[PDB]
Amino acid sequence: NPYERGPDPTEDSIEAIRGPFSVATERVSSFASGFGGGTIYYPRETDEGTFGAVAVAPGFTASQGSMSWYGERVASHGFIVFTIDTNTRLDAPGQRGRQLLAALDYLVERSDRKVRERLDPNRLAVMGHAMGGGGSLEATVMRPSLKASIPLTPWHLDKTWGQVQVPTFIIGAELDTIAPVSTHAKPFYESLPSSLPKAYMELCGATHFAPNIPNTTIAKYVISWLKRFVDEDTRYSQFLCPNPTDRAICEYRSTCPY
Ligand SMILES: O=C(O)c1ccc(P(=O)(O)OCCO)cc1
Ligand SMILES: [Ca+2]
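Counted the way the deposited numbering counts, the sequence shown spans residues 47 to 304.
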């Protein structure tokens, strides 16, 4: 596997606040075409090969600040992280899906050479919080060539996603009453194709805003899903299959083995 980056993982090494790669950043003007700009976090070491990329969208009326902690956390494990702002703070889930693809296209076509030369433009993912999570599902319908999708406590009015072809990892919050898992996160996951590689993780006692503050249980398995599907790295299947039993997890569902 030519996309394998970093040493062989352990349960502690995926919980590490800093991975094996150092992080540099680039700021992108809000007048970039198709999205509201953002901050790119990328690994600085080039001697192991180029990296895949994930665009990170925020929720309704939120900004990249609410998703900022993913930046260094994930990119230090060998990914290019693009925390973006939306065109307006009121953008709908469909609008946030189009803007996630616009951010990924900016990385490929127009990003700074320091970023371009570290990027594998064929290995791209999407991630989003709340309405940005509903945008992550919309992004995979709009671009089924993406490698992974991670809706965090997602909110969407449309509950059926039976045509999704991108490995999707949904994270729900037990005490979410803004996008309750019983009418949002769980219906989305169960509607995903039975054959798709997918997973659902419900955090115990978590609120709708748990993705906005550093969370090891979120971090360790966001990194595992991204390595497993953006890097095709089967060294991270051990963490995902069989289903994790972390004390922080109150409900886990998957289509293991993968
Ligand atoms: O209008 C509603 O009912 C409504 C429902 C959910 C959201 P959200 O994107 O999950 O909020 C999280 C942003 O930090 C916004 C509005
Ligand atoms: Ca713009």
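For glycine and all other residues, C-beta sits at the position ideal for the given N, C-alpha and C.
Tell me whether residue i sits in a helix, a strand or coil according to DSSP, three-state version.
i, result
"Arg73", "strand"
"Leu192", "coil"
"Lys205", "coil"
"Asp166", "strand"
"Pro48", "coil"
"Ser157", "coil"
"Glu278", "coil"
"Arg299", "strand"
"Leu221", "coil"
"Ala294", "coil"
"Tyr304", "coil"
"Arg64", "coil"
"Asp151", "helix"
"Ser228", "coil"
"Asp54", "coil"
"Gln145", "helix"
Confirm, please, whether the CB-CB distance from residue j to residue i is below 7 Å.
i, j, result
"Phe275", "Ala194", "yes"
"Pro89", "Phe67", "yes"
"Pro190", "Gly179", "no"
"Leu153", "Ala78", "no"
"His175", "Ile224", "no"
"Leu249", "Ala185", "no"
"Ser237", "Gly208", "yes"
"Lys273", "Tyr282", "yes"
"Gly65", "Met177", "no"
"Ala265", "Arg119", "yes"
"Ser112", "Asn261", "no"
"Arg142", "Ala103", "yes"
"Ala149", "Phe128", "yes"
"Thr132", "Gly82", "yes"
"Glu220", "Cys287", "no"
"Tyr246", "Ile269", "no"
"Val69", "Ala121", "yes"
"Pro139", "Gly181", "yes"
"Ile130", "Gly84", "yes"
Around the Cβ of residue i, are there at least 16 other Cβ atoms within 10 angstroms (buried) or fewer (exposed)?
i, result
"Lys160", "exposed"
"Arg169", "buried"
"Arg164", "buried"
"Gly124", "buried"
"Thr263", "buried"
"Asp58", "exposed"
"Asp93", "exposed"
"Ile63", "exposed"
"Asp279", "buried"
"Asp158", "exposed"
"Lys205", "exposed"
"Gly251", "exposed"
Which partner residues of residue i appear in the DSSP bridge assignment?
i, result
"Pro197", "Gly174"
"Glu184", "Looking at the DSSP assignment, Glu184 forms no beta bridge with any residue, so it has no partner."
"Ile216", "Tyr246"
Query raised in the report: Counting only runs that start and end within the segment 78-142, where is the alpha helix (DSSP H) found for 4 or more residues in a row?
Result: 115-121
Query raised in the report: What are the complete alpha helix (DSSP H) segments, minimum 4 residues, inside the segment 230-284?
Result: 231-237, 262-276
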